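Engineer: Heads up: the sequence lines are chains A and A', in that order. A prime marks a further copy of an entry chain. Here the first sequence stands for residues 63 to 75, 84 to 341, where the numbers follow the entry's author numbering. Here the second sequence stands for residues 63 to 75, 84 to 341, where the numbers follow the entry's author numbering. All C-beta atoms, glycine included, are put in the ideal place defined by N, C-alpha and C.
2 protein chains.
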Amino acid sequence: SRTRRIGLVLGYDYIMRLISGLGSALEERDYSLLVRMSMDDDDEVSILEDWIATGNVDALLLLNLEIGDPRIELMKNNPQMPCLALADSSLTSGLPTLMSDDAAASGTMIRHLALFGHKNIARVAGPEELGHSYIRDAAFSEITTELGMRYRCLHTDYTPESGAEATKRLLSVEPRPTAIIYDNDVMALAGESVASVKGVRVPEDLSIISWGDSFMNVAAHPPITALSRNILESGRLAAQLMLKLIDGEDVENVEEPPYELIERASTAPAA
Amino acid sequence: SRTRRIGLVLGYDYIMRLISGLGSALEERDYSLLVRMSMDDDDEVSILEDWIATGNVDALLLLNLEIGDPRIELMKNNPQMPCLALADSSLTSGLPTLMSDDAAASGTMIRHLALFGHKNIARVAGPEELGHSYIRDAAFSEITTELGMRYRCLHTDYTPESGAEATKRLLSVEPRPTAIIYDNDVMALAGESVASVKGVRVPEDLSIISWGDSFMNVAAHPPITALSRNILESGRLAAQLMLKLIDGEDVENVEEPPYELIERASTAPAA
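So this is what it looks like as structure tokens:
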């Protein structure tokens, strides 16, 4: 029998666009998304175990895979429950995956800076505990080294206060980077505001790129160059893939839809 | 019997915070949110009718009430299905409501501008088809008139391009307003950027307020004064109220948690 439900556990406190894309495909088959909220760290596993034991959904969507995620083992020990992970293939261990390509995106951003003559750049990244942290760092280190570009990074907690603090630090230590890439839009904006208050012109003295795009980047002063992921289409593909698994079709891993570097006013030749 | 599900139909293409708050309360009772997506205008009613006919959820959450919303009539003709609306009480016609107070918020923002000596202000609002459009306009017109303040408004579609266009228009027509209130954060940011490009200093020449708060306002240049709604707690209260209805308890309308005007650098005395 079918419940016509897909399970998703969210963390308490991007996702909206993913849910819109998922819904655009689930509606075609009169499916619904069943959403629960994990308030703690082992809470998600407990909810998933309940769903599996009761057969309360037809498939599970796994987001934000960490290194050694306890969910992979859960799914592998329960192959009668379809699941799909949205992650780099290196983190999913054989489970059906809609694959991101952070290493590719890293290259696209760095080559854009290289073309503009940047030789000293920095990244303001998220927490080191993210499953994509080591993929991104390895890509940035390899590409920058191979292009003879100086590279430094600082970790933050995604808040504008943290992005602001990191930017102040990068702009105060000689030799000052001429471009900074931020792991989210809010920190790129906070960093641009820091540069402006400091009298560091964007983009004349400092280029800025946001990893991730939103209306915020369009509204900024100046508008911020962004690596844009097609989250809507990713969501749609994810739902289609889970429906295939539910239908009993074999599903090879699928690359997520291509990203695009949207060039705006915040990147320009290096000072 | 109980399904332990609450139904929510979202529109294709705030809500994330609401869902976090809802989940914080639903998890206490092992309830889930069942989410579907309306792709058209009469799509929502059809989904709701299906849920009602099959008893597939225990209660329905109604958001974004319009004037003469076809959902009110649906719910009233189906009182065996618990529901809760998040709206001004004037739009819900006796249905259990978690009540917003846009007129109160309007007063708080306008009094803040009055204290700073503003005598000519403007609003960049959303579409006129919003159910809260006439409540807000009536409040702004009454309060401004009664304080002897000149007031004008322009309608937009919530995009930064639309907010930018509206700001250019307001700043180009004499007498230029000394403060602009925007119906969302992205337009307040887009408007602040327009003022900066134009050489209109914020806040020295122009004060800006965002109706709605987010990290974007904290990250702006300068940070943007915002009317902040407690969406997390609103979500939590909404879930608790629907659970009461499901439990068979009588539920009087409830005011939503108090909003707060967070004063930041973008408001100052009038030029």
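Is the beta carbon of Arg306 of chain A' closer than 8 Å to that of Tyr329 of chain A'?
Structural biologist: For this step, residue 329 of chain A' is matched to residue 259 along the second sequence. For this step, residue 306 of chain A' is matched to residue 236 along the second sequence. The answer is no: Cβ separation not under 8 Å.
Engineer: Using the Cβ count rule (16 or more neighbours within 10 Å means buried), how would you classify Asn254 of chain A'?
Structural biologist: Taking the first residue of the second sequence as position 1, residue 254 of chain A' is located at position 184. Buried, since its Cβ has 16 or more Cβ neighbours within 10 Å.
Engineer: I'd like to know whether the C-beta atoms of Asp158 of chain A and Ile213 of chain A end up nearer to each other than 8 Å.
Structural biologist: Position 88 of the first sequence, counted from the start, is the residue given in the question as residue 158 of chain A. Position 143 of the first sequence, counted from the start, is the residue given in the question as residue 213 of chain A. Their beta carbons are not under 8 Å apart, which means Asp158 of chain A does not touch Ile213 of chain A by this criterion.
Engineer: Kindly say whether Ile137 of chain A, judged by its beta-carbon, lies nearer than 8 Å to any beta-carbon of chain A'.
Structural biologist: As a first step, residue 137 of chain A must be located in the first sequence, where it is residue number 67. It does not: the Cβ of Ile137 of chain A has no partner Cβ on chain A' nearer than 8 Å.
Engineer: Use the C-beta contact count for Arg67 of chain A': other C-beta atoms within 10 angstroms, 16 or more gives buried, fewer gives exposed.
Structural biologist: Counting from 1 along the second sequence, the entry for residue 67 of chain A' is found at position 5. It is buried - the Cβ of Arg67 of chain A' has at least 16 other Cβ atoms within 10 Å.
Engineer: Just tell me which of A':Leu133, A':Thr215, A':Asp320 and A':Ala258 has its CA closest to the CA of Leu156 of chain A'.
Structural biologist: Translated into positions along the second sequence, residue 156 of chain A' becomes position 86. Here the closest residue by C-alpha is A':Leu133.
Engineer: For chain A, find out if any of its Cβ atoms is closer than 8 Å to the Cβ of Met109 of chain A'; answer yes or no.
Structural biologist: Start at 1 with the first residue of the second sequence, and residue 109 of chain A' comes out as number 39. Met109 of chain A' counts as touching chain A.
Engineer: Just curious, the alpha helix (DSSP H) that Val264 of chain A is in, first and last residue?
Structural biologist: As a working mapping, residue 264 of chain A is identified with position 194 in the first sequence. Where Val264 of chain A is concerned, the enclosing alpha helix (DSSP H) stretches over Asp255 to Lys268.
Engineer: So, with DSSP's three-state summary, where would you put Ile250 of chain A?
Structural biologist: As a working mapping, residue 250 of chain A is identified with position 180 in the first sequence. It is a strand residue.
Engineer: Anything in chain A' within Cβ reach of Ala260 of chain A, meaning under 9 Å, just list it in chain order.
Structural biologist: One-based indexing of the first sequence puts residue 260 of chain A at position 190. Those are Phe285, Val288, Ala289 and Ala290, listed as they occur along chain A'.
Engineer: Using 8 Å for Cβ pairs, my map puts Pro293 of chain A' next to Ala260 of chain A'. What's the rounded Cβ distance?
Structural biologist: Against the second sequence, residue 293 of chain A' aligns to sequence position 223. Against the second sequence, residue 260 of chain A' aligns to sequence position 190. Not really, about 15 Å apart at Cβ, beyond 8 Å.
Engineer: Leaving aside the five residues before and after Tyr228 of chain A along the sequence, list all residues of the same chain whose C-beta is less than 8 Å from its C-beta, in chain order.
Structural biologist: Translated into the one-based positions of the first sequence, residue 228 of chain A becomes position 158. Cβ neighbours of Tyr228 of chain A beyond the five flanking positions: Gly196, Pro197, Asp253, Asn254, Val256 and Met257.
Engineer: Mapping DSSP to helix, strand and coil, what is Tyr221 of chain A?
Structural biologist: Along the first sequence, one-based indexing puts residue 221 of chain A at 151. Correct three-state label for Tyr221 of chain A: strand.
Engineer: Just grab the DSSP bridge partners of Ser108 of chain A for me.
Structural biologist: Within the first sequence, residue 108 of chain A is the residue found at index 38, counting from 1. The partner list for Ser108 of chain A (beta bridge, DSSP) reads A:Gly73.
Engineer: Listed from N- to C-terminal order along the chain, which residues in the segment 182-212 of chain A have their beta-carbon within a distance smaller than 7 Å of any beta-carbon of chain A'?
Structural biologist: From the segment 182-212 of chain A, no residue has a Cβ closer than 7 Å to chain A'.
Engineer: Name the chain A' residues that come within less than 7 Å of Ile250 of chain A, Cβ to Cβ?
Structural biologist: The residue you call residue 250 of chain A lines up with position 180 of the first sequence. Within 7 Å Cβ-Cβ: nothing; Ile250 of chain A doesn't reach chain A', min ~14 Å.
Engineer: Put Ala192 of chain A into one of helix, strand or coil per three-state DSSP.
Structural biologist: The residue labelled residue 192 of chain A in the question sits at position 122 within the first sequence. DSSP places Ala192 of chain A in strand when its eight states are reduced to three.
Engineer: Residues of chain A' with CB under 7 Å from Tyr74 of chain A, in chain order?
Structural biologist: Indexing the first sequence from 1 puts residue 74 of chain A at position 12. Near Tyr74 of chain A (Cβ distances below 7 Å), the residues of chain A' are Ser90, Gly93 and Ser94.
Engineer: Among A:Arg87, A:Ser90, A:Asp75 and A:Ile89, which one has its Cα closest to the Cα of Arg87 of chain A'?
Structural biologist: Reading the second sequence from its first residue, position 17 is the one you call residue 87 of chain A'. Closest by alpha carbon: A:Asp75.
Engineer: May I ask you to verify whether the segment 108-128 of chain A touches the segment 134-146 of chain A', counting CB pairs closer than 8 Å and requiring at least 3?
Structural biologist: Judged by Cβ distances under 8 Å, the segment 108-128 of chain A makes no contact with the segment 134-146 of chain A', as fewer than three pairs qualify.
Engineer: Just tell me which of A:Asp111, A:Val270 and A:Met179 has its CA closest to the CA of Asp171 of chain A.
Structural biologist: Here the question's residue 171 of chain A lines up with position 101 in the first sequence. The option with the nearest alpha carbon to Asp171 of chain A is A:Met179.
Engineer: How would you label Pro149 of chain A, buried or exposed, when you count the other beta carbons within 10 angstroms and need 16 or more for buried?
Structural biologist: Within the first sequence, numbered from 1, the residue matching residue 149 of chain A stands at position 79. Under this definition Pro149 of chain A is an exposed residue.
Engineer: Taking just the CA atoms, how far does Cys153 of chain A' sit from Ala209 of chain A'?
Structural biologist: In the second sequence, counting from the first residue as 1, residue 209 of chain A' sits at position 139. In the second sequence, counting from the first residue as 1, residue 153 of chain A' sits at position 83. Spanning the two alpha carbons is a distance of roughly 28 Å.
Engineer: Mapping DSSP to helix, strand and coil, what is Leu132 of chain A'?
Structural biologist: Looking up residue 132 of chain A' in the second sequence gives position 62. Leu132 of chain A' falls in the strand class under three-state DSSP.
Engineer: Taking just the CA atoms, how far does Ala308 of chain A' sit from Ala234 of chain A?
Structural biologist: Walking along the first sequence from the start, residue 234 of chain A turns up at place 164. Walking along the second sequence from the start, residue 308 of chain A' turns up at place 238. Taking the straight line from one Cα to the other gives about 35 Å.
Engineer: Does the pairing of the segment 98-114 of chain A' with the segment 319-329 of chain A give three or more beta-carbon distances under 8 Å?
Structural biologist: Output reads no: the segment 319-329 of chain A does not touch the segment 98-114 of chain A'.
Engineer: The alpha helix (DSSP H) that contains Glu216 of chain A, what's its start and end?
Structural biologist: Working through the first sequence from its first residue, we reach residue 216 of chain A at position 146. Looking at the DSSP string, the run of the alpha helix (DSSP H) that includes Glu216 of chain A is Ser203 to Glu216.
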